[PDB]
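In what follows, a structure is listed as structure tokens, so that the remarks can point back to it.
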Amino acid sequence: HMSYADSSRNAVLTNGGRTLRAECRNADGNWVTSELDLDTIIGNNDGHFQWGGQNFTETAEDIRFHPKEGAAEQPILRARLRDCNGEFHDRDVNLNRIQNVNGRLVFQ
């Protein structure tokens, strides 16, 4: 596996909190700038983040990212997610499930 964050740098969100953009080292050892549209791989399932879902941003507010959050310096995305009953919940997800494959952000 390996988190993308173990071989990437300078990660930020862009496009209104929808896109992860990072500099990822490739197999030649060079830095390659990569983007991954998080709406293609993260959903909002009744107020919780869902890996393998889609389109979370459509029912999220206050999207926030810290690429090196906490003592363990993990890439944490936070948002308020609406549940099916209309209530918003503060939620967090660690983006370390995203990999760097030869200079590209991927999710499997």
Side-chain angles (χ1 to χ4, degrees):
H1 180 77
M2 237 67 56
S3 172
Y4 83 87
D6 294 339
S7 62
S8 301
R9 67 181 186 197
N10 294 328
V12 298
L13 304 187
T14 186
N15 300 318
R18 305 186 290 173
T19 301
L20 179 65
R21 184 172 171 87
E23 295 154 28
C24 300
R25 197 188 298 112
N26 67 17
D28 290 338
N30 292 315
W31 300 92
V32 179
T33 307
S34 185
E35 290 189 350
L36 187 51
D37 178 352
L38 296 178
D39 273 335
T40 64
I41 58 167
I42 299 173
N44 173 4
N45 176 11
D46 191 25
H48 278 285
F49 285 114
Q50 176 190 343
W51 283 108
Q54 301 170 53
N55 305 145
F56 86 95
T57 67
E58 295 178 32
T59 54
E61 290 189 4
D62 308 313
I63 300 165
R64 303 291 181 263
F65 179 60
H66 190 330
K68 290 190 173 188
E69 202 189 77
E73 292 178 283
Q74 293 295 306
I76 305 306
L77 183 156
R78 296 174 178 279
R80 292 170 64 245
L81 299 185
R82 195 172 82 251
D83 73 19
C84 294
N85 283 337
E87 189 173 342
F88 294 74
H89 304 273
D90 294 321
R91 299 292 188 212
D92 61 275
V93 61
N94 187 329
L95 297 188
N96 73 4
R97 290 204 193 197
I98 292 162
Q99 297 179 61
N100 167 15
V101 179
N102 193 30
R104 177 179 177 239
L105 295 168
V106 299
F107 174 69
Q108 320 144 346

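The basis for the numbers below is simple: all heavy atoms, side chains too, and nothing from hydrogens, waters or symmetry mates. Numbering of residues begins at 1 and proceeds along the displayed sequence.
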Report yes or no: do [X] and [Y] belong to one cluster of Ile/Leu/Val/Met/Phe/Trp/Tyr joined by side chain heavy-atom distances under 4.5 Å?
| X | Y | answer |
| --- | --- | --- |
| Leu77 | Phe88 | no |
| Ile63 | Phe49 | yes |
| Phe65 | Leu36 | yes |
| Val32 | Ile98 | no |

Worksheet entry | Residues forming a side chain to side chain donor-acceptor pair (under 3.5 Å) with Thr19, sequence neighbours excluded | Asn15

Output the distance between atom [atom1] ([X]) and atom [atom2] ([Y]), rounded to the nearest 0.5 Å.
| X | Y | atom1 | atom2 | answer |
| --- | --- | --- | --- | --- |
| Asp37 | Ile42 | CG | CD1 | 10.0 Å |
| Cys24 | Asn10 | SG | CG | 10.5 Å |
| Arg18 | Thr40 | CZ | OG1 | 12.0 Å |
| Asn94 | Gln74 | CG | CD | 4.5 Å |

Item to complete: Return each pair, listed once, that meets side chain to side chain donor-acceptor pair (under 3.5 Å) where at least one residue sits in residues 24-33; pairs must be two or more places apart or across chains.
Response: none

Worksheet item: Do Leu38 and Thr57 have side-chain heavy atoms sitting under 4.5 Å apart?
Response: no

I need the minimum non-hydrogen distance between [X] and [Y], along with the two atoms involved.
| X | Y | answer |
| --- | --- | --- |
| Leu95 | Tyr4 | O-CE2, 3.6 Å |
| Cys84 | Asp46 | N-OD1, 2.9 Å |
| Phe56 | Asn44 | CB-N, 3.6 Å |

Worksheet item: Considering residues at least two apart in sequence or located in another chain, which fulfil the salt bridge (charged side-chain N to carboxylate O under 4.0 Å, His left out) criterion with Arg97?
Response: none

Discussion item. If the condition is salt bridge (charged side-chain N to carboxylate O under 4.0 Å, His left out), which residues does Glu58 pass it with, not counting sequence neighbours?
Written reply: none

Practice prompt. Output every pair passing salt bridge (charged side-chain N to carboxylate O under 4.0 Å, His left out) with a member in residues 74-96, not counting sequence neighbours, ordered by first then second residue.
Written response: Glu61-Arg80, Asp62-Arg80, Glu69-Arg78

Worksheet item: Looking at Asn96, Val93, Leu20, which one forms a side chain to side chain contact (heavy atoms under 4.5 Å, CB included) with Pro75?
Response: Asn96

Can you give each donor-acceptor pair under 3.5 Å made by side-chain atoms of residues 101-108, sequence neighbours left out, with the distance rounded to 0.1 Å?
from, atom 1, to, atom 2, distance (Å)
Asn102, OD1, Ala27, N, 2.8
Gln108, OE1, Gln99, NE2, 2.9

